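What follows is a single structure, written as structure tokens, with notes after it.
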Protein chains: 2
Amino acid sequence: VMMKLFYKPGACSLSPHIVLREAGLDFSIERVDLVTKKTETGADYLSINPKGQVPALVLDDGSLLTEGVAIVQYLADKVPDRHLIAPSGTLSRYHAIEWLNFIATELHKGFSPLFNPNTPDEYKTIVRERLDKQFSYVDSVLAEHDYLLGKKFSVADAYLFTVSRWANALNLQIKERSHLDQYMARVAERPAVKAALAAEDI
Amino acid sequence: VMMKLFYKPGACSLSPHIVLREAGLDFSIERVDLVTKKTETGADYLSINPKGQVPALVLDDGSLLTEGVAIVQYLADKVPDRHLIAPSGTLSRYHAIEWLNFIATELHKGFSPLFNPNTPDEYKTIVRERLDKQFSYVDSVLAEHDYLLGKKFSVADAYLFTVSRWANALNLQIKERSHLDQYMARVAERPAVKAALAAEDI
Ligand SMILES: N[C@@H](CCC(=O)N[C@@H](CS)C(=O)NCC(=O)O)C(=O)O
Ligand SMILES: N[C@@H](CCC(=O)N[C@@H](CS)C(=O)NCC(=O)O)C(=O)O
Ligand SMILES: [Cl-]
């Protein structure tokens, strides 16, 4: 069967959405309401992904893959000719895995209290201060080469771009951001990024 | 030179510490004071890992690998005959990566607000409720086979064991835990696990 990506516009699922397009693979997308857990076809999403989260990818064997970091690696490895991640077993691949884990744990999950309407303002300020430090660190790495892992665009950039959009939407203060901003401007120009954004109507 | 793991007793670094011992690799360890950022030799830890966290693994070429998820895959891939993780390219490997990311993002980082004395009670309550659901979900998986990924012990078990110890230290309420508790008793018997704990003076 053709792959299907479950997504919410602008959510973390934008990362494998971009990767799908960078990879030139065939796929469809299906929007999910994360509150009601119903998809845009009326389907009960919990019967699909019990974790009730996006992204989830239906593979061509009909099975489901969850967790963004797993999905983008799966997709990149399907298209080695596109060099969207270093080949398995190489030190470069372990550093790609390192950065994917950093993005998932320190950036992505770092936003959790900010998106919870039960979190009080004062704690949100503390959370924002930590994200300042983390994004500023990323900025320092981006001073050294065009993309996160080096000179070449990779799946880690799809993920970084996605969470960085949240930083801008939340008007996050970032002390060191000049390299990050130039990086974001460039990544936003990629045809696959533009097409993913258009498909999500954002 | 011999690979070196920087760790703090009982912290997330216990995971790659267990994996090192299970792998049978040559290594040394060095303890870090996370408050002062000095190691047990008095060395400046920020000079070693600018992120200032454990675990960090210095490889035999003198380079730095951070992020527990990256480290445990690097280590397991070095010893494929021990089958501590599925081989690359296989659907099973993507399921392992899926579980490692879940542990990193939903369990490990789930605990972060609970260890910070600046987190207000009301948010800690929300976090505890989510972890109850997440550990109960893990329990439901452990009800169906001996270890997290299936019939065999893997690096994901080293990681799950490590964060589950925190759940016990924090008296975390877990609705479904009979399988998780049996599993913890089992993993705790492994000589490599015992050796890691003894080396960390736990
Ligand atoms: N650990 C998951 C987390 C993914 C995640 O946090 N998805 C959010 C959107 S950014 C979500 O689906 N929340 C669903 C909800 O309302 O419970 C991963 O890394 O893929
Ligand atoms: N994203 C990192 C997080 C590592 C982490 O959170 N380490 C904690 C110990 S559990 C730490 O070193 N905190 C430093 C501190 O307390 O200042 C990873 O997955 O390895
Ligand atoms: Cl298509």
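Identifiers in the structure tokens: chain A, B, ... in order shown; residue index from 1 per chain; ligand index from 1 in order shown.
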
For this session: Would you give me, as a PyMOL selection string, the residues of chain A that come within 6 Å of chain B, using only C-alpha atoms?
Result: chain A and resi 67+70+94+97-98+105

Problem set entry | 10 Å contact set for residue 1 (chain A), only C-alpha atoms, chain neighbours under 4 positions out, as a list in words | residues 27, 58, 59, 60, 61 and 62 of chain A

For this session: Please provide the set of residues having any atom within 10 Å of residue 149 (chain A), restricted to only C-alpha atoms, with same-chain residues fewer than 2 positions apart removed, written as a count of residues only.
Result: 20

For this session: Please check which protein, DNA or RNA residues sit within 7 Å of ligand 3, counting only C-alpha atoms and all ligand atoms, and write them as an MDAnalysis selection string.
Result: chainID A and resid 25:28

Those selected residues, please, written with N, CA and C atoms and delivered as a PDB file, in the first residue's frame.
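So out-v2.pdb came out as:
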```pdb
ATOM      1  N   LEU A  25       9.445  10.199  -2.282  1.00  0.00           N
ATOM      2  CA  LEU A  25       8.669   8.975  -2.114  1.00  0.00           C
ATOM      3  C   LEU A  25       7.181   9.248  -2.327  1.00  0.00           C
ATOM      4  N   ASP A  26       6.426   8.211  -2.688  1.00  0.00           N
ATOM      5  CA  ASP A  26       4.974   8.334  -2.806  1.00  0.00           C
ATOM      6  C   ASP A  26       4.311   8.231  -1.435  1.00  0.00           C
ATOM      7  N   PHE A  27       3.362   9.126  -1.168  1.00  0.00           N
ATOM      8  CA  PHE A  27       2.637   9.113   0.099  1.00  0.00           C
ATOM      9  C   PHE A  27       1.365   9.938   0.020  1.00  0.00           C
ATOM     10  N   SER A  28       0.449   9.702   0.955  1.00  0.00           N
ATOM     11  CA  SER A  28      -0.651  10.631   1.191  1.00  0.00           C
ATOM     12  C   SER A  28      -0.541  11.135   2.619  1.00  0.00           C
TER      13      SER A  28
END
```

Quick one: chain B onto chain A, least squares on all Cα paired in order, result as a JSON list (two decimals) with C-alpha atoms, in the first residue's frame?
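Output file out_1.json follows:
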```
[["chain", "number", "residue", "atom", "x", "y", "z"],
["B", 1, "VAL", "CA", -0.43, -0.02, -0.17],
["B", 2, "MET", "CA", 1.06, 3.50, -0.19],
["B", 3, "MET", "CA", 2.61, 4.75, 3.05],
["B", 4, "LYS", "CA", 0.42, 7.23, 4.91],
["B", 5, "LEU", "CA", 1.48, 10.00, 7.28],
["B", 6, "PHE", "CA", -0.93, 11.25, 9.96],
["B", 7, "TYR", "CA", -0.27, 14.89, 10.80],
["B", 8, "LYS", "CA", -1.62, 18.12, 12.26],
["B", 9, "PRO", "CA", -0.72, 21.42, 10.56],
["B", 10, "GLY", "CA", 2.44, 22.93, 12.04],
["B", 11, "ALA", "CA", 2.92, 20.22, 14.66],
["B", 12, "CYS", "CA", 6.05, 18.08, 14.98],
["B", 13, "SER", "CA", 4.65, 15.93, 12.15],
["B", 14, "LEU", "CA", 5.82, 18.65, 9.74],
["B", 15, "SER", "CA", 9.29, 17.15, 10.09],
["B", 16, "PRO", "CA", 8.61, 13.71, 8.51],
["B", 17, "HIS", "CA", 6.23, 15.51, 6.09],
["B", 18, "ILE", "CA", 9.17, 17.53, 4.79],
["B", 19, "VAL", "CA", 11.31, 14.39, 4.71],
["B", 20, "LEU", "CA", 8.74, 12.49, 2.64],
["B", 21, "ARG", "CA", 8.84, 15.24, 0.04],
["B", 22, "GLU", "CA", 12.63, 15.50, 0.08],
["B", 23, "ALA", "CA", 12.83, 11.73, -0.28],
["B", 24, "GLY", "CA", 10.67, 11.65, -3.42],
["B", 25, "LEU", "CA", 8.77, 8.64, -2.08],
["B", 26, "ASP", "CA", 5.15, 7.80, -2.91],
["B", 27, "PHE", "CA", 2.92, 8.69, 0.05],
["B", 28, "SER", "CA", -0.37, 10.15, 1.15],
["B", 29, "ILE", "CA", -1.28, 12.28, 4.17],
["B", 30, "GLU", "CA", -4.26, 12.45, 6.50],
["B", 31, "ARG", "CA", -5.01, 15.23, 8.97],
["B", 32, "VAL", "CA", -5.84, 14.48, 12.62],
["B", 33, "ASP", "CA", -7.85, 16.57, 15.07],
["B", 34, "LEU", "CA", -5.85, 16.07, 18.26],
["B", 35, "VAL", "CA", -8.69, 17.20, 20.51],
["B", 36, "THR", "CA", -11.40, 14.86, 19.18],
["B", 37, "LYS", "CA", -8.91, 12.17, 18.08],
["B", 38, "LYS", "CA", -10.77, 11.82, 14.77],
["B", 39, "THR", "CA", -9.05, 12.08, 11.40],
["B", 40, "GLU", "CA", -10.34, 14.24, 8.55],
["B", 41, "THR", "CA", -12.27, 11.23, 7.19],
["B", 42, "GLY", "CA", -14.01, 10.78, 10.54],
["B", 43, "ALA", "CA", -11.90, 7.73, 11.36],
["B", 44, "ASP", "CA", -11.09, 6.90, 14.99],
["B", 45, "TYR", "CA", -7.44, 7.92, 15.43],
["B", 46, "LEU", "CA", -6.88, 5.92, 18.64],
["B", 47, "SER", "CA", -7.56, 2.82, 16.53],
["B", 48, "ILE", "CA", -4.61, 3.80, 14.36],
["B", 49, "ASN", "CA", -2.12, 5.17, 16.90],
["B", 50, "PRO", "CA", -3.09, 4.23, 20.49],
["B", 51, "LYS", "CA", -0.60, 6.87, 21.73],
["B", 52, "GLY", "CA", -2.93, 9.36, 20.05],
["B", 53, "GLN", "CA", -0.13, 11.56, 18.71],
["B", 54, "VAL", "CA", 1.19, 12.71, 15.40],
["B", 55, "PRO", "CA", 3.31, 11.89, 13.52],
["B", 56, "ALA", "CA", 2.40, 8.33, 12.76],
["B", 57, "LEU", "CA", 3.41, 6.60, 9.55],
["B", 58, "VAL", "CA", 1.56, 3.55, 8.29],
["B", 59, "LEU", "CA", 4.05, 1.59, 6.18],
["B", 60, "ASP", "CA", 3.37, -0.27, 2.94],
["B", 61, "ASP", "CA", 2.86, -3.52, 4.85],
["B", 62, "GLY", "CA", 0.14, -1.85, 6.92],
["B", 63, "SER", "CA", 2.25, -1.65, 10.08],
["B", 64, "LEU", "CA", 2.60, 1.39, 12.32],
["B", 65, "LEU", "CA", 5.72, 3.42, 12.98],
["B", 66, "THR", "CA", 5.55, 6.20, 15.54],
["B", 67, "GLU", "CA", 8.06, 8.70, 16.98],
["B", 68, "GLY", "CA", 9.37, 11.38, 14.63],
["B", 69, "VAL", "CA", 13.02, 10.41, 15.16],
["B", 70, "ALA", "CA", 12.28, 6.81, 14.09],
["B", 71, "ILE", "CA", 10.16, 7.87, 11.13],
["B", 72, "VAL", "CA", 12.72, 10.27, 9.62],
["B", 73, "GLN", "CA", 15.48, 7.68, 9.86],
["B", 74, "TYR", "CA", 13.27, 5.00, 8.27],
["B", 75, "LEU", "CA", 12.53, 7.42, 5.41],
["B", 76, "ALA", "CA", 16.08, 8.66, 4.86],
["B", 77, "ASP", "CA", 17.49, 5.13, 4.88],
["B", 78, "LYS", "CA", 15.11, 4.21, 2.06],
["B", 79, "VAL", "CA", 16.80, 6.78, -0.20],
["B", 80, "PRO", "CA", 20.57, 6.61, 0.49],
["B", 81, "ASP", "CA", 21.39, 8.27, -2.85],
["B", 82, "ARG", "CA", 19.81, 11.48, -1.56],
["B", 83, "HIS", "CA", 22.14, 11.52, 1.42],
["B", 84, "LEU", "CA", 19.49, 12.78, 3.83],
["B", 85, "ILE", "CA", 21.38, 11.06, 6.66],
["B", 86, "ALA", "CA", 24.80, 9.42, 7.12],
["B", 87, "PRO", "CA", 24.86, 5.67, 6.39],
["B", 88, "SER", "CA", 24.57, 3.22, 9.28],
["B", 89, "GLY", "CA", 27.67, 2.12, 11.16],
["B", 90, "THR", "CA", 29.49, 5.39, 10.48],
["B", 91, "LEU", "CA", 30.54, 7.74, 13.25],
["B", 92, "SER", "CA", 28.64, 10.41, 11.31],
["B", 93, "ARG", "CA", 25.41, 8.44, 11.74],
["B", 94, "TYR", "CA", 25.91, 8.41, 15.51],
["B", 95, "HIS", "CA", 26.38, 12.17, 15.45],
["B", 96, "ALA", "CA", 23.13, 12.45, 13.47],
["B", 97, "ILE", "CA", 21.34, 10.29, 16.06],
["B", 98, "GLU", "CA", 22.89, 12.47, 18.76],
["B", 99, "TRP", "CA", 21.45, 15.61, 17.18],
["B", 100, "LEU", "CA", 18.05, 14.03, 16.53],
["B", 101, "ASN", "CA", 17.86, 13.02, 20.19],
["B", 102, "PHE", "CA", 18.88, 16.51, 21.30],
["B", 103, "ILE", "CA", 16.17, 18.08, 19.15],
["B", 104, "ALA", "CA", 13.59, 15.55, 20.41],
["B", 105, "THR", "CA", 14.43, 15.79, 24.11],
["B", 106, "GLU", "CA", 15.77, 19.31, 24.60],
["B", 107, "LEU", "CA", 13.91, 21.39, 22.01],
["B", 108, "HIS", "CA", 10.71, 19.54, 21.03],
["B", 109, "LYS", "CA", 9.83, 18.31, 24.53],
["B", 110, "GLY", "CA", 11.14, 21.60, 25.89],
["B", 111, "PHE", "CA", 8.15, 23.27, 24.20],
["B", 112, "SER", "CA", 5.55, 20.91, 25.66],
["B", 113, "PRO", "CA", 4.92, 22.90, 28.87],
["B", 114, "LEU", "CA", 4.60, 26.15, 26.85],
["B", 115, "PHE", "CA", 1.69, 24.76, 24.78],
["B", 116, "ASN", "CA", -0.19, 23.49, 27.85],
["B", 117, "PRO", "CA", -2.44, 26.17, 29.35],
["B", 118, "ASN", "CA", -2.20, 24.34, 32.69],
["B", 119, "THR", "CA", 1.50, 25.21, 33.08],
["B", 120, "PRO", "CA", 1.98, 28.09, 35.55],
["B", 121, "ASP", "CA", 3.81, 31.24, 34.39],
["B", 122, "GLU", "CA", 6.77, 30.76, 36.69],
["B", 123, "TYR", "CA", 7.55, 27.33, 35.25],
["B", 124, "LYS", "CA", 7.00, 28.57, 31.68],
["B", 125, "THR", "CA", 9.59, 31.26, 32.46],
["B", 126, "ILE", "CA", 12.10, 28.60, 33.53],
["B", 127, "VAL", "CA", 11.40, 26.63, 30.36],
["B", 128, "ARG", "CA", 11.81, 29.70, 28.16],
["B", 129, "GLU", "CA", 15.15, 30.50, 29.78],
["B", 130, "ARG", "CA", 16.42, 26.97, 29.10],
["B", 131, "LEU", "CA", 15.25, 27.09, 25.47],
["B", 132, "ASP", "CA", 17.07, 30.41, 25.02],
["B", 133, "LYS", "CA", 20.28, 28.66, 26.05],
["B", 134, "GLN", "CA", 19.54, 25.61, 23.88],
["B", 135, "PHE", "CA", 18.69, 27.54, 20.73],
["B", 136, "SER", "CA", 21.69, 29.79, 21.31],
["B", 137, "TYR", "CA", 23.83, 26.66, 21.45],
["B", 138, "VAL", "CA", 22.33, 25.52, 18.15],
["B", 139, "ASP", "CA", 23.11, 28.97, 16.72],
["B", 140, "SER", "CA", 26.76, 28.50, 17.70],
["B", 141, "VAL", "CA", 26.86, 25.26, 15.70],
["B", 142, "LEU", "CA", 25.15, 26.82, 12.67],
["B", 143, "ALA", "CA", 27.85, 29.50, 12.75],
["B", 144, "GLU", "CA", 30.35, 26.88, 11.65],
["B", 145, "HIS", "CA", 28.57, 25.28, 8.69],
["B", 146, "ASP", "CA", 25.45, 25.68, 6.57],
["B", 147, "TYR", "CA", 23.31, 22.95, 8.14],
["B", 148, "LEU", "CA", 23.05, 21.29, 11.53],
["B", 149, "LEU", "CA", 25.13, 18.21, 10.75],
["B", 150, "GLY", "CA", 27.54, 19.90, 8.38],
["B", 151, "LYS", "CA", 27.64, 21.08, 4.80],
["B", 152, "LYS", "CA", 24.55, 19.17, 3.59],
["B", 153, "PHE", "CA", 20.81, 19.39, 4.31],
["B", 154, "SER", "CA", 19.61, 16.42, 6.37],
["B", 155, "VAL", "CA", 16.62, 15.03, 8.22],
["B", 156, "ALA", "CA", 17.89, 16.78, 11.35],
["B", 157, "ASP", "CA", 17.30, 20.07, 9.53],
["B", 158, "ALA", "CA", 13.73, 19.07, 8.76],
["B", 159, "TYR", "CA", 13.26, 18.52, 12.51],
["B", 160, "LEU", "CA", 15.10, 21.64, 13.67],
["B", 161, "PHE", "CA", 13.18, 23.77, 11.16],
["B", 162, "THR", "CA", 9.89, 22.38, 12.46],
["B", 163, "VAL", "CA", 10.55, 23.14, 16.13],
["B", 164, "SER", "CA", 12.18, 26.50, 15.36],
["B", 165, "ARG", "CA", 8.87, 27.61, 13.82],
["B", 166, "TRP", "CA", 7.36, 27.15, 17.29],
["B", 167, "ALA", "CA", 10.03, 29.41, 18.78],
["B", 168, "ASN", "CA", 8.91, 32.14, 16.43],
["B", 169, "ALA", "CA", 5.20, 31.53, 17.02],
["B", 170, "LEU", "CA", 5.79, 31.81, 20.78],
["B", 171, "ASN", "CA", 8.06, 34.88, 20.52],
["B", 172, "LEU", "CA", 10.87, 32.97, 22.18],
["B", 173, "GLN", "CA", 13.76, 35.16, 23.25],
["B", 174, "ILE", "CA", 17.02, 33.72, 21.88],
["B", 175, "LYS", "CA", 20.27, 35.45, 22.85],
["B", 176, "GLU", "CA", 22.36, 34.25, 19.90],
["B", 177, "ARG", "CA", 20.21, 33.80, 16.81],
["B", 178, "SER", "CA", 21.80, 35.48, 13.78],
["B", 179, "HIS", "CA", 22.94, 32.17, 12.31],
["B", 180, "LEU", "CA", 19.71, 30.38, 13.23],
["B", 181, "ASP", "CA", 17.65, 33.10, 11.52],
["B", 182, "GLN", "CA", 19.73, 32.98, 8.31],
["B", 183, "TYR", "CA", 19.43, 29.19, 8.32],
["B", 184, "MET", "CA", 15.64, 29.32, 8.72],
["B", 185, "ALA", "CA", 15.35, 31.68, 5.74],
["B", 186, "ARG", "CA", 17.48, 29.26, 3.72],
["B", 187, "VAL", "CA", 15.60, 26.07, 4.64],
["B", 188, "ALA", "CA", 12.28, 27.83, 3.97],
["B", 189, "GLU", "CA", 13.26, 28.26, 0.30],
["B", 190, "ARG", "CA", 13.52, 24.52, -0.40],
["B", 191, "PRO", "CA", 10.67, 23.41, -2.69],
["B", 192, "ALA", "CA", 9.98, 20.30, -0.58],
["B", 193, "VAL", "CA", 9.62, 22.44, 2.53],
["B", 194, "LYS", "CA", 7.32, 24.85, 0.67],
["B", 195, "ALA", "CA", 5.26, 21.91, -0.60],
["B", 196, "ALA", "CA", 4.84, 20.44, 2.88],
["B", 197, "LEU", "CA", 3.75, 23.81, 4.28],
["B", 198, "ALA", "CA", 1.30, 24.32, 1.40],
["B", 199, "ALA", "CA", -0.14, 20.82, 1.91],
["B", 200, "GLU", "CA", -0.74, 21.65, 5.57],
["B", 201, "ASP", "CA", -2.42, 24.91, 4.52],
["B", 202, "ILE", "CA", 0.15, 27.10, 6.28]]
```

For this session: Could you tell me, as number ranges by chain, which residues of region 9-104 of chain A DSSP assigns to strand (DSSP E or B) when given the backbone?
Result: A: 27-33, 38-39, 44, 56-58, 64-66

Dump as a PDB file, in the first residue's frame, selection limited to N, CA and C atoms:
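Contents of out-v6.pdb, as written:
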```pdb
ATOM      1  N   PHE A  27       3.362   9.126  -1.168  1.00  0.00           N
ATOM      2  CA  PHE A  27       2.637   9.113   0.099  1.00  0.00           C
ATOM      3  C   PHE A  27       1.365   9.938   0.020  1.00  0.00           C
ATOM      4  N   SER A  28       0.449   9.702   0.955  1.00  0.00           N
ATOM      5  CA  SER A  28      -0.651  10.631   1.191  1.00  0.00           C
ATOM      6  C   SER A  28      -0.541  11.135   2.619  1.00  0.00           C
ATOM      7  N   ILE A  29      -1.327  12.150   2.952  1.00  0.00           N
ATOM      8  CA  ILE A  29      -1.353  12.647   4.323  1.00  0.00           C
ATOM      9  C   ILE A  29      -2.785  12.644   4.844  1.00  0.00           C
ATOM     10  N   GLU A  30      -2.934  12.497   6.155  1.00  0.00           N
ATOM     11  CA  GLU A  30      -4.264  12.495   6.753  1.00  0.00           C
ATOM     12  C   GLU A  30      -4.224  13.281   8.053  1.00  0.00           C
ATOM     13  N   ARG A  31      -5.018  14.344   8.104  1.00  0.00           N
ATOM     14  CA  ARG A  31      -4.991  15.261   9.234  1.00  0.00           C
ATOM     15  C   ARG A  31      -5.702  14.668  10.449  1.00  0.00           C
ATOM     16  N   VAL A  32      -5.173  14.944  11.639  1.00  0.00           N
ATOM     17  CA  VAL A  32      -5.739  14.452  12.891  1.00  0.00           C
ATOM     18  C   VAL A  32      -6.081  15.624  13.809  1.00  0.00           C
ATOM     19  N   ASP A  33      -7.273  15.578  14.399  1.00  0.00           N
ATOM     20  CA  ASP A  33      -7.633  16.487  15.488  1.00  0.00           C
ATOM     21  C   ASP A  33      -7.118  15.861  16.785  1.00  0.00           C
ATOM     22  N   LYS A  38      -9.939  12.314  16.366  1.00  0.00           N
ATOM     23  CA  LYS A  38     -10.607  11.873  15.146  1.00  0.00           C
ATOM     24  C   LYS A  38      -9.841  12.438  13.957  1.00  0.00           C
ATOM     25  N   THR A  39      -9.721  11.655  12.887  1.00  0.00           N
ATOM     26  CA  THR A  39      -9.019  12.137  11.701  1.00  0.00           C
ATOM     27  C   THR A  39      -9.989  12.858  10.776  1.00  0.00           C
ATOM     28  N   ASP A  44     -11.544   6.975  14.062  1.00  0.00           N
ATOM     29  CA  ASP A  44     -11.048   6.984  15.436  1.00  0.00           C
ATOM     30  C   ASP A  44      -9.536   6.779  15.448  1.00  0.00           C
ATOM     31  N   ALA A  56       2.476   9.692  12.841  1.00  0.00           N
ATOM     32  CA  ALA A  56       2.518   8.245  12.701  1.00  0.00           C
ATOM     33  C   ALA A  56       2.532   7.978  11.207  1.00  0.00           C
ATOM     34  N   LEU A  57       3.342   7.008  10.794  1.00  0.00           N
ATOM     35  CA  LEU A  57       3.463   6.655   9.381  1.00  0.00           C
ATOM     36  C   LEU A  57       2.984   5.235   9.139  1.00  0.00           C
ATOM     37  N   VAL A  58       2.032   5.089   8.223  1.00  0.00           N
ATOM     38  CA  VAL A  58       1.647   3.764   7.740  1.00  0.00           C
ATOM     39  C   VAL A  58       2.648   3.336   6.675  1.00  0.00           C
ATOM     40  N   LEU A  64       2.467   0.220  11.271  1.00  0.00           N
ATOM     41  CA  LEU A  64       2.600   1.607  11.695  1.00  0.00           C
ATOM     42  C   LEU A  64       3.962   1.858  12.329  1.00  0.00           C
ATOM     43  N   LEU A  65       4.548   3.002  11.999  1.00  0.00           N
ATOM     44  CA  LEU A  65       5.754   3.444  12.675  1.00  0.00           C
ATOM     45  C   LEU A  65       5.456   4.773  13.350  1.00  0.00           C
ATOM     46  N   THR A  66       5.758   4.861  14.639  1.00  0.00           N
ATOM     47  CA  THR A  66       5.608   6.108  15.372  1.00  0.00           C
ATOM     48  C   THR A  66       6.981   6.632  15.778  1.00  0.00           C
TER      49      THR A  66
END
```

For this session: Could you pull out the residues in region 17-187 of chain A that DSSP calls helix (DSSP H, G or I) from the backbone, as an NGL selection string?
Result: :A and (17-22 or 45-47 or 68-78 or 80-82 or 91-115 or 121-142 or 155-169 or 178-187)
